[PDB]
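Here's the structure, in structure tokens; my notes come after.
Since every read-out is calculated from the coordinates, none of them should be taken as a lab result. All Cβ positions, even for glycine, are placed from backbone atoms using ideal geometry, and neighbour counts span all protein chains on display.
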Amino acid sequence: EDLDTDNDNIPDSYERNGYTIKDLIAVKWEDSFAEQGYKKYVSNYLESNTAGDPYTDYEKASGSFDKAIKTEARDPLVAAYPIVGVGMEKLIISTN
Amino acid sequence: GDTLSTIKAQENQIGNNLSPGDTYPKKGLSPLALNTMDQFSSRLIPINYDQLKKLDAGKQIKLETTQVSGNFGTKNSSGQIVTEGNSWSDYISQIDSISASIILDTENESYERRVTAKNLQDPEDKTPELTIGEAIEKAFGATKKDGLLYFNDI
Amino acid sequence: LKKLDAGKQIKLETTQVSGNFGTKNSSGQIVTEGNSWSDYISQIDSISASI
Ligand SMILES: [Ca+2]
Ligand SMILES: [Ca+2]
């Protein structure tokens with residue numbers, strides 16, 4: 001419909017059933033889109049950050065966010081949260 | 001294999017300007033010294049005793065540039081160029097993630113360019129698709145005479 | 001030091017702690033700078049029963 005509770009750019013019914021982003025606009029998903037390479041997205045219709053990451057549902061779905069984050073992060077249900085670690089290679093001791 | 005130290009450039013060793021193809025210090029000037037380790041240029045870089053014994057026996061210390069910081073310039077609400085708060089580290093990864101690197105030696109004068117490459121697995125990527133020849137022609141500004149590319153005369 | 005090497009132990013007591021909480025700014029971005037807990041610690045302790 002035209003209702004919008006979370007006040008993102010995606011209507012609630014589209015979030016409930018399914019939607020895909022084309023021409024920077026969210027449209028109702030049809031099963032014929034899968035052969036063109038499109039994807040089907042579903043997310044919370046009462047929230048603006050379904051996954052908890054700083055980017056919203058419309059930003060993630062449309063890819064309007066940073067271009068160095070992976071494609072899998074573009075669906076609203078996966079968080080774009082980096083995992084950084086530190087690994088030691090060698091140790092040097094300078095006797096005083 | 002031992003990294004003696006990693007030092008960021010303090011206020012003494014910061015280049016105010018570096019044009020494409022230029023050099024800091026400019027051509028005709030001596031190299032700048034880098035002999036301070038702390039943040040306020042109050043401490044000198046130390047080395048061990050075994051490291052010094054290695055050094056006086058002929059071994060050489062190599063220098064590796066891991067990363068480089070810097071700013072770029074744009075126009076504010078007025079006509080004044082402002083280069084404070086603008087950084088390149090915000091765009092380095094985004095540029096590297098969607099571009100193909102091309103280099104060109106041409107007798108000790110290197111050129112490095114990045115050209116946008118279209119993703120064929122994304123139906124919503126509208127960036128035009130280019131061949132390798134078109135990318136080479138665009139990046140280096142080479143001209144076409146008889147179906148071939150000449151940089152200036154080569 | 002002479003006490004310490006004779007067997008006595010050092011006890012550690014936490015007198016107070018400091019930290020910030022998260023809230024939404026004009027955008028949808030969580031900000032946790034300047035939102036301290038020491039402003040509300042006394043107000044919460046003065047009208048509440050601890051369980
Ligand atoms: Ca919505
Ligand atoms: Ca939503």
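Quick rundown of the values:
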item	result
From the options B:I132, B:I81, B:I95, residue that is of a type in the set (A, V, I, L, M, F, W, C) and within 14 Å of another protein chain (Cβ to nearest Cβ)	B:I95
Residue in region B:142-154 that is surrounded by 13 or more Cβ atoms within 10 Å (Cβ to Cβ) and touching a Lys or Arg at 6+ places or on another chain (Cβ under 7 Å) present	no
Sole residue being more than 30 Å from B:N48 (Cα to Cα) and touching a helix residue (DSSP H, G or I) at 6+ places or on another chain (Cβ under 6 Å), chosen from A:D8, A:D31, A:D23	A:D8
Positions within region A:25-51 being part of a loop (DSSP other than H, G, I, E, B), more than 10 Å from the chain's Cα centre (by Cα) and either of a type in the set (K, R) or within 12 Å of another protein chain (Cβ to nearest Cβ) (or both), in sequence order	A:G37, A:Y38, A:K39, A:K40, A:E47, A:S48
Pick from region A:56-84, criterion over 23 Å from B:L120 (Cβ atoms) and free of Cβ contacts under 8 Å to residues at least 24 places away in the same chain, ranking: nearest to ligand 2 (Cβ to nearest atom)	A:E59
Residue match in region A:65-83 (condition: away from chain B (no Cβ under 14 Å), within 19 Å of B:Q94 (Cβ to Cβ) and not charged (D, E, K, R))	yes
Test for A:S94: is it among the polar types (S, T, N, Q) and either within 16 Å of ligand 2 (Cβ to nearest atom) or within 12 Å of the chain's Cα centre (by Cα) (or both)	no
Residue, farthest from ligand 1 (Cβ to nearest atom), within region A:12-22, restricted to residues that are of a type outside the set (A, V, I, L, M, F, W, C) and buried (at least 19 other Cβ atoms within 10 Å of the Cβ)	A:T20
Some residue of region A:12-23 being within 11 Å of another protein chain (Cβ to nearest Cβ), β-branched (V, I, T), within 27 Å of B:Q121 (Cβ to Cβ) and in a loop (DSSP other than H, G, I, E, B)	no
Selection status of A:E35, under 22 Å from B:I98 (Cα atoms) and surrounded by fewer than 11 Cβ atoms within 10 Å (Cβ to Cβ)	no
Residues satisfying the stated conditions in region B:104-123, i.e. loosely packed, with under 11 Cβ neighbours inside 10 Å and under 13 Å from the mean Cα position of the chain (by Cα)	B:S110, B:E112
Qualifying positions in region C:30-51 - surrounded by fewer than 10 Cβ atoms within 10 Å (Cβ to Cβ) and assigned to a loop (DSSP other than H, G, I, E, B)	C:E33, C:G34, C:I47, C:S48, C:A49, C:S50, C:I51
Some residue of region B:93-109 being over 30 Å from B:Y150 (Cα atoms) and out of contact with any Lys or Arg (no Cβ under 7 Å at 6 or more places or on another chain)	yes
Per-region count, region B:81-99, residues hydroxyl-bearing (S, T, Y) and more than 24 Å from B:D125 (Cβ to Cβ)	3
